[PDB]
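Notes for the one structure printed next.
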Amino acid sequence: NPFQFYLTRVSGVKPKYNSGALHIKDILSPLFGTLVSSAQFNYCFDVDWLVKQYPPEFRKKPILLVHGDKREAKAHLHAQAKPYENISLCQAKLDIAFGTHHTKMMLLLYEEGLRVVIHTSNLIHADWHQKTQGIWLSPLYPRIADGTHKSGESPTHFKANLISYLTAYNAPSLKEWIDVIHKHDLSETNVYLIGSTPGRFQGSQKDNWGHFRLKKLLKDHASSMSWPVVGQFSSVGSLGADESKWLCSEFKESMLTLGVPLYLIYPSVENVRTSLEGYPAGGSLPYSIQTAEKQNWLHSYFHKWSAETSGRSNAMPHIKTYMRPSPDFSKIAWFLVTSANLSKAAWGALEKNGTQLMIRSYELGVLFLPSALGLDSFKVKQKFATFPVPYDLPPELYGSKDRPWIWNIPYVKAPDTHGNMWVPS
Ligand SMILES: NC[C@@H](O)c1ccc(O)cc1
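Residue numbers for the sequence shown, in the authors' numbering: 162 to 386, 391 to 424, 435 to 559, 568 to 608.
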């Protein structure tokens, strides 16, 4: 299995749909390595829950929480963490308004080596219970021989790219992690790192982050041959008065680069209502009416969540993925799993006559390119060489009575899976 792409365990589906799936407890298990230290990058944290996910033998090893919380939220997290002597915090600078530290990553230092986990879940119980989430698991990276001269770099430049991603935080606790990474051999890595960090980026720096980073990698490492672009996310930013301000102009331009139909997959109200969680799934799909009403044009692109292939049509998506399938959806030019939702905040927007890329947030994903395996395309695994696309293809268009889930309006005409309504207030 060259991909090491996994879905999270979902409670309440037939065990067969969990056979290849991982829970955070599986990831932190002693079978994965003898744990020495770890760093947990994320957005939302439940500290008490998090510590319980570690096996008892490792619960006392040092843990760094890398978050972007400010003011009261920051003190609240510090409070959550106070009781546990072994936990430190690193607040990621967020100098631009409306930015978040949204990246989900685990750095796991073991006696036997190092593991990097890049994924889509918050460190709270409900993100790992009944949601469709994605995980990339790196191989066990060995420590570089105490007396040898090697970069420990991969053909994909993962080691250096990860270091540059961490370097951008300018944070003392991350420098130690940077030092740990320097000391390991990451050469077996076959994926590309695509990061976002807060900044306004000029000249050659534009290629470093966000959608320009992706455009850059697709230009250098993909080959060109009508192939659609598929985008799949759980949050939607304000994209502009029409499709030509950002979505189809700079954003799609990056995505269609190689060496045109746009499908956007986003849960409808019906998807959420009939889900395993019901309407409360909607708490993690924060599309607000203020944003939606500004951009009714967008919803023509929306397609339903459907994941029969993985038994997860009722497990609402918190994963985010982008890909480039062939016209019959049987193969793909590339696949990306990332924390980046469909927002300018996450991906970048061009400013100052198009000489500046403005990103608001930290995001991180892994791009799977066939060339990194010495292929030209991946065949799509039709039943979750062959890439495990986690939802059904082709995607299904919203019906005429369908609506995009909007989290801050009420739904009171029809009860959900648990006989409940939704009245946010
Ligand atoms: N459910 C908490 C809410 O703040 C939220 C919603 C969506 C996310 O991706 C992360 C957090």
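We put the beta carbon where it would ideally sit given N, CA and C, even for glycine.
For this session: Taking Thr-513 as part of the beta strand (DSSP E), name the residues at either end of that continuous run.
Result: Segment 506-513, the beta strand (DSSP E) holding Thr-513.
Exercise. Apart from the five residues just before and just after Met-420, which ones in its own chain have a Cβ nearer than 6 Å to its Cβ?
Worked result: Shown here for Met-420: same chain residues with a beta carbon closer than 6 Å to its own, the five before and five after excluded, namely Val-394 in chain order.
Exercise. Under a three-way DSSP split, which group does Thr-466 fall into?
Worked result: In this structure, DSSP gives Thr-466 a helical state, which the three-state scheme calls helix.
Exercise. When the Cα of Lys-265 is compared with those of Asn-247, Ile-185 and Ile-339, which residue comes out closest?
Worked result: It is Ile-185.
Problem set entry | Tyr-326 vs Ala-253 beta-carbon contact at 8 Å | Going by C-beta atoms, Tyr-326 is not nearer than 8 Å to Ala-253.
Exercise. Does at least one heavy atom of ligand 1 sit under 7 Å from the Cβ of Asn-591?
Worked result: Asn-591: no, Cβ never under 7 Å from ligand 1.
Exercise. Quick one: what's got a C-beta closer than 7 Å to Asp-207's C-beta in the same chain, skipping five residues either side?
Worked result: Answer for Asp-207: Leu-284, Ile-285 and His-286, listed in chain order.
For this session: Have a look at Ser-299 and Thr-350 and give me their C-alpha separation to the nearest angstrom.
Result: Across the structure, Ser-299 and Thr-350 are spaced so that their CA atoms are roughly 7 Å apart.
For this session: State whether the region 311-328 contacts the region 173-190, with contact taken as three or more CB pairs (one from each stretch) at a distance under 8 Å.
Result: The region 311-328, when compared against the region 173-190, does not touch it at the 8 Å Cβ threshold.
For this session: Would you give the residue range spanned by the beta strand (DSSP E) that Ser-488 belongs to?
Result: If you look at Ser-488, you'll find it isn't in any beta strand (DSSP E); DSSP assigns it neither H nor E.
Problem set entry | Inter-stretch contact (C-beta, 8 Å, three-pair minimum) for the region 501-510 and the region 545-553 | Because the criterion of three Cβ pairs below 8 Å is met, the region 501-510 and the region 545-553 touch.
For this session: Assuming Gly-274 contacts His-345 (C-beta within less than 8 Å), just tell me the rounded distance between them.
Result: Confirmed, Cβ separation roughly 6 Å.
For this session: Go through its chain and collect everything with a Cβ distance to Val-401's Cβ below 6 Å, but skip five positions before and after it.
Result: Once the five neighbours on either side are set aside, the close Cβ partners of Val-401 are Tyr-462 and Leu-517.
Problem set entry | Nearest candidate by alpha-carbon position, reference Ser-552, set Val-197, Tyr-476 and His-382 | Here the closest residue by C-alpha is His-382.
Problem set entry | Close beta carbons around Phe-559, own chain, < 7 Å, minus the five adjacent residues each side | So the qualifying residues of the chain are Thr-484, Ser-485 and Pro-573.
Problem set entry | Host alpha helix (DSSP H) of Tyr-574 (start-end) | Where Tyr-574 is concerned, there is no enclosing alpha helix (DSSP H), given that its DSSP letter is neither H nor E.
Exercise. Does the beta carbon of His-382 fall short of 7 Å from some heavy atom of ligand 1?
Worked result: Answer for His-382: no, Cβ out of range of ligand 1.
Exercise. Is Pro-492 near ligand 1, going by C-beta to nearest heavy atom under 7 Å?
Worked result: Not under cutoff, so the answer is no.
Exercise. For the 8 Å Cβ check, are there 3 or more pairs between the region 246-263 and the region 218-234?
Worked result: Touching, per the Cβ criterion.
Exercise. For the putative contact between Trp-411 and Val-352, defined by C-beta atoms under 8 Å, what is the C-beta separation to the nearest angstrom?
Worked result: 27 Å between Cβ atoms; not a contact.
Exercise. At a cut-off of 7 Å, is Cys-413 close to ligand 1 when judged by its beta-carbon and the heavy atoms of the ligand?
Worked result: Not under cutoff, so the answer is no.
Problem set entry | Contacting residues, own chain, Cβ-Cβ under 6 Å from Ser-334 (five flanking each side not counted) | Within the same chain, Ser-334 has close Cβ partners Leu-225 and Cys-251.
For this session: With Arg-232 as the anchor, note down where its alpha helix (DSSP H) starts and where it stops.
Result: That run of the alpha helix (DSSP H) goes 232-242.
Exercise. Around the C-beta of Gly-356, are 16 or more other C-beta atoms found within 10 angstroms, so that it is buried, or is it exposed?
Worked result: It is buried - the Cβ of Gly-356 has at least 16 other Cβ atoms within 10 Å.
Problem set entry | Distance, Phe-259 Cα to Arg-232 Cα | Their Cα atoms are separated by approximately 14 Å.
Problem set entry | Where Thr-530 falls: helix, strand or coil (DSSP) | In the structure shown, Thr-530 adopts coil according to DSSP, grouped into three states.
For this session: Go to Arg-361, then tell me how far its beta strand (DSSP E) extends in each direction, as first and last residue.
Result: Here the beta strand (DSSP E) through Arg-361 covers 360-363.
Problem set entry | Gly-313 beta carbon less than 8 Å from that of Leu-347 | Result yes, Cβ atoms of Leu-347 and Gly-313 sit closer than 8 Å.
Problem set entry | Whole-angstrom distance between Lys-175 and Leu-255, CA atom to CA atom | Each residue's Cα considered, the two are about 42 Å apart.
Exercise. Is any heavy atom in ligand 1 found nearer than 7 Å to the beta carbon of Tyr-462?
Worked result: For ligand 1, not one heavy atom lies less than 7 Å from the Cβ of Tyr-462.
Exercise. By a C-beta neighbour count over all protein chains shown, 10 Å radius and 16 as the cutoff for buried, is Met-491 buried or exposed?
Worked result: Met-491 comes out buried.
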